[PDB]
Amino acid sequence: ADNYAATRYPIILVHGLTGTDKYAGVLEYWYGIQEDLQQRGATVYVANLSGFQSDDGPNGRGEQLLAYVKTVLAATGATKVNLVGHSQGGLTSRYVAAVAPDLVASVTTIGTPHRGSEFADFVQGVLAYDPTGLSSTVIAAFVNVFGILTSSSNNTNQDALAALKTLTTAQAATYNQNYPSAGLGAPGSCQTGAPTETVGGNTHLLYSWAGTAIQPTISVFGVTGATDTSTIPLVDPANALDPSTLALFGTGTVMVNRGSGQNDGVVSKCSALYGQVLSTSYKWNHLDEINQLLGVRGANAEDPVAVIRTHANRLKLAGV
């Protein structure tokens, strides 16, 4: 159609937990996003990494993305890429920007748990209540098989337990110590960092945004209730046509009762802050961020496809 999203460097979309480029080689993780961007002049590639793994380490998603980035550069003739990651994908993108600064032009994170997820702490805690530890083995096997079956390439490198640990708040803090970034504020300050970073002589434009559909709206007897602001109260069709809508409202309620404050169901506003924070006001739950569960979203939710398209134009204007 035009070149509204024509960035200088190829855009690589990076999925998070459970992800792959196409679930069962059928359902796109970034629903309708690659198509939209390409129609608007962008060169876009979608990474296919382990849906369950840590980001650092020999078998981690980081080295996987690094290797993938190199194949994209070789195929396009480009020298750098613009990394756009969702959820854990943002942490994976930070890893590549840190170890291979010369291959990255920018890093954009969408609903990325830079400080971990209180829901991860929760799930990890639940498993800890099994004195035999057997549930960790059983559930891991179940989740790992899920990863293999849904992976577009049936990637057998799945480690659900490592993935869970990676997303906890305590581990995330350690990750930030091992992979510092000028785009990050001080731990526990709920502040972002700088809009750019210069690593090894290579400058990166840093961006982020978060979904805050889940808002704490009432507290009684120690219990805190939340409201899904992405939907028209009770009657919104999104509650019926997209099962993740009520599910994230539920996990989001657990989050608020663990002191997370506004969140998207699994990532808090504070945890998602990185680089130039474009917005933390989108009335989105975690999957709305990627136009998911087939493009269904609450009546009060902004268009995620348009938001991403506009960001591509933003990158273009910024020179990357």
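Basically, rigid core = biggest C-alpha set you can superpose within 1.5 Å across the two forms. The numbering used is simple: start at 1 and walk along the sequence shown.
- In terms of root mean square C-alpha deviation after superposing on the rigid core in 5 other deposited structures of this protein, the stretch standing farther out between 193-201 and 126-134 is 193-201.
- Greater C-alpha displacement in 5 other deposited structures of this protein (rigid core superposition, RMS over structures and residues), of 22-30 versus 61-69: 22-30.
- Between the stretches 301-309 and 19-27, it is 19-27 that shows the larger average CA temperature factor.
- Averaged over Cα atoms, the B-factor as recorded in the entry is higher for 123-131 than for the other of 123-131 and 87-95.
- If you compare the C-alpha temperature factors of 192, 112, 212, 153 in the entry, 153 comes out highest.
- Highest C-alpha temperature factor among 208, 106, 244, 224 per the entry: 224.
- Among all modelled residues in this chain, the alpha-carbon of residue 317 has a temperature factor (C-alpha) in the middle third.
- In the deposited entry, the Cα temperature factor of residue 251 places it in the middle third of its chain's modelled residues.
- When the CA B factors of the chain's modelled residues are split into thirds, the value for residue 236 lands in the highest one.
- For residue 283, the recorded CA B-factor ranks within the middle third of the chain. Only modelled residues enter the ranking.
- Ranked by Cα temperature factor within the chain, residue 58 sits in the highest third according to the deposited record.
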